[PDB]
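Given next are two forms of a protein chain, the same chain in both, each as structure tokens and marked structure 1 or structure 2.
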Structure 1
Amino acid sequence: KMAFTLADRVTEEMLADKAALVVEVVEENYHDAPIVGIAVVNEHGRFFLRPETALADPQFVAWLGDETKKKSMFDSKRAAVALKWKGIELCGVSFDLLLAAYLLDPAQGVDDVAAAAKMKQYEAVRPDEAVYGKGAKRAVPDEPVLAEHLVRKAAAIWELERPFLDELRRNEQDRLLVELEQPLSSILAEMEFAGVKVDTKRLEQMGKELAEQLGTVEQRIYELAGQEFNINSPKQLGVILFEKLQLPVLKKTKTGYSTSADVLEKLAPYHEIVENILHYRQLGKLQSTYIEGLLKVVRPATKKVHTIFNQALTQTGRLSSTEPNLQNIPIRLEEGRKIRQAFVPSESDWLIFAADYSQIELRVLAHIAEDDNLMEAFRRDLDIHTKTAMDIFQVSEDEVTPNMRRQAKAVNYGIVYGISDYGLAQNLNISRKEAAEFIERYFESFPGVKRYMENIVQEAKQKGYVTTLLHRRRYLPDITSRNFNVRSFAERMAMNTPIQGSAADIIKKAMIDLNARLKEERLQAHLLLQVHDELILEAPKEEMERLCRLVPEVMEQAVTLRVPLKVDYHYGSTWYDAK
């Protein structure tokens, strides 16, 4: 039972200085997507408005963009961006129920108002899926049904705001919401709407040459195999490798023989075909995903791609990036790295500027573990991979070979990911006895880290959750499971999540701080992407000088740890060249 006005014009009482607001975009990808309905709940009542009416109404547009008129919403970034595409500015968002629910427990996977309302036993609203349907059945219902749904969602936000704020404050997470996640949401909205320009002529030429190369590699594979087969089918491949060519079976999964890259690499002393197959599968992912998949999402008139940064998805506090994912563009092998030449500035005589934190997760470990040996290495700015190599090989710095440093590098990050002697041995393709010694030597050399790893797991068991620098939480109900596998996975999460999550906290704050400084100085430079521990901007070439000092400073000073933060930076004519 919920009364509301299905309005056909906007009225003054709909424009109160505090309201719950629903601006409904039903398509998952909200870029240039239709706004299907609006609802407003406030001191005076409950209202549904037709977009065609309200978004052409100067009074309502004015209210939307009035920062002193405060709106509570769910997924305000979706609304903000969909309104940008309609040429309308949204300001004054003071509470976002999606972000509030996300901070309280990311494991719930809240992605609609009803799922958030369930956290407080509020059931006077339906799930979106129930109203719109699934898949090919998805559709906007008749107006009265749509209107009641939107109003119920607004009414839920109105009543849930204080309960959610109260619990966040209780959890030491209220400032995390209002001073970090909510401001970051507006910045992400800017980045998404701006998009990144693509050189489609270059990308298409790369595609044509790549198709040629693919065919050649493919034919060479069939010649080595003695037969044609679908190389992209691990099942057919497994038959060729492990039945026809009788290569050793190093690993199986529940579906059959493994053909993972790690396995195929280890089979190179038995047959040369496995190196060719690895190459083929690399080339084929470049073609399918970074040529074809990317061209499919380029907006043809502007040649821009517009990612969506999911801010309320990951369990650690990171962002993710979808349709397209611009956080996994190739860089590690030169063949793929060239894809980055197709990402260019949106204006003439602008440049790409890219800044990355150096070893942020190891510095966070050093801080949280309060390990003096690790802290001192960073204080002196010694190479942390070379230092570990000295300890695990038990040699002097001069005796550390590049391959020893490489193995020490694997130990350094592997510790942060909970690696075992088995995993390390497989990773480095070395003796498991030697891998085990590397790890023992590591923990003997960094006792503060050993103690931290022990202590954090105990804390998780005692409290039921672990926390980051800025009070983000992750609950770990499995941490006391009697089952070894389930428990071990949760213990590794206890070790890793505070580290990855704290690093997330830092760069998020850096983005807020950097943006403030950009606007203060009236620079034209602006953010395009975040890639976990790096920030990518574009700017007129004239501003590089300033950015070279401003960006690293702001990023290094975002938070103060017990070790210093270090940021590297580069710029150039394309993303590729910003190296």
Structure 2
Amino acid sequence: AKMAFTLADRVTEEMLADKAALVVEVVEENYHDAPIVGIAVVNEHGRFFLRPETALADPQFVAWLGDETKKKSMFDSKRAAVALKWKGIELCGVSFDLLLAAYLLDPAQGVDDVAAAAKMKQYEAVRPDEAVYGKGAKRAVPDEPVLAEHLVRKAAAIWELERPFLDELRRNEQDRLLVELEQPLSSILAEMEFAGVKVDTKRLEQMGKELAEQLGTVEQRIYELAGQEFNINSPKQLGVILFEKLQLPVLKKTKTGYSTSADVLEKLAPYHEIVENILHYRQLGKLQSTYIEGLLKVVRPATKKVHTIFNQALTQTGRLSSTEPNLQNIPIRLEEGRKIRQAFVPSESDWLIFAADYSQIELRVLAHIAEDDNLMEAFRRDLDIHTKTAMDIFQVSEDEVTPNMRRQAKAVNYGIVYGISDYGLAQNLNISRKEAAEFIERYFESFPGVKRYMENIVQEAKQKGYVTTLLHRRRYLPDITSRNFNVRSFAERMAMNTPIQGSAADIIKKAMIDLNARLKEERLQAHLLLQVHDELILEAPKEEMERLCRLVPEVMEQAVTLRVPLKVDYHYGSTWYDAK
């Protein structure tokens, strides 16, 4: 009662059925240009293991991999597709992805390997990757016999688990979410990641040289003001300087000691001008370590491109995340940091960068879901709640509202709708707690629909134990009925936010699928490069800008039909920076 399989030395016709569980093993966490250590195939005819050098050089196997009519069931097909792209091979026909299936059933399980998915169905005939490859410096590919069995067992699990997972997804009304959204999206993300984004290293490097000089100046200035030399990047050392040497008041403490957070330092500005210099130093230091040095470290020298990896099965709300490098958190709020974007350029001769951003996205989604008359009316009148809130908070006229003021108001708007307390708001706007409370109270008096929705969604979560999004994404909240006030409150706030942020994620994901389809149909050369939660970034020859200015906004705005209209802002230019 074990698991017999074949360790083939050549490709046979039987292992090329029109349906099978396929394992194309890429052990390196970052699969870009990473080695494929082994292949496994399980179908109606049997179980097979193939060495990469064998299978990938076989004309029939390569043809099979690229045959869309030959359906494959896998785990993390994007990892396989990309790794194969780097090997010059195209993968088609992926009909089921166990990773995405597990992710949709319950994001909280943190499924990261076949074994973890299998556990959801009490399937034991497979071991966890870590148990096979090892941890850290001990991580290595085992002897062929061991490797082969593992890959085959993972293929066997995928083969036996497909039906059970599709079954539970259907019951949860998430089967289409998988097959028509996440899986198609996965292929689109694979293309985006492989294409990469070109970097102007000469300019980036020059920026780093100049930035290093500015840092040295701010650094010395800080020591001068402190009357002592110390490690500014050490909250511990900085705390001694600020709260022990300079005697500044302690406004907050964490479990390790005095807090030197940006919020605390800003509140200390009236006492000593050293805190402002420190804030500036930390800003510049981050740009240098992360957006200059860190970014240069991941640039592929030969092409000057960076290839991020969009984790599609990680966030608890359905959003994507971006790693090594994270291209979803590149500076833009402050002018100094924003310049880093001048280093992100088109990959071709006379191409340009085109960026589209959903206007007040989650407020529009909230209007729809909460069905708040006043909020829905506002969007039907095409108003800007962020600007309006800015006008009130700063007590200024619309024309006076600066981009930075709107941004601060935007943070306030979402903080309030998502349950910020009067304490939190008073601290953020450094204003009276009573006034903050009044502002919040008044805020919901104007948007009574939103208030009741938030109260109802919390009660619903307590009764059902989970919340859902527009396209049926789900998130369980077991802590929602906890005895502990803190534990419970956090769960209640998740119930308030997840459905909104999650539905916003559903929308942009559908937009990406529709756009990719529209682009291909019109044979446009324009292609997606990045997704930044509620914005899409593309590159395309200058001649296509005219079409994009209409095609991109239209597709994104028509992705889904809500009670309120969806609006998209867009721009383009020679660099990401200019796409403003």
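Start at 1 and count along the sequence of structure 1; that gives the residue numbers used here. Between two forms, the rigid core is the largest collection of C-alphas that superpose within 1.5 Å.
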query	finding
Chain position at the hinge linking the two rigid parts, options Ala56, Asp381, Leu224, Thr322, forms compared between structure 1 and structure 2	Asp381
Rotational displacement of the minor rigid part between structure 1 and structure 2 [degrees]	39
Rigid core fit between structure 1 and structure 2: Cα deviation of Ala100 in angstrom	0.1
Core-fitted comparison between structure 1 and structure 2 - CA shift at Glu444, Å	1.2
Value in Å for the CA shift of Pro402 between structure 1 and structure 2, taken after the core is superposed	10.0
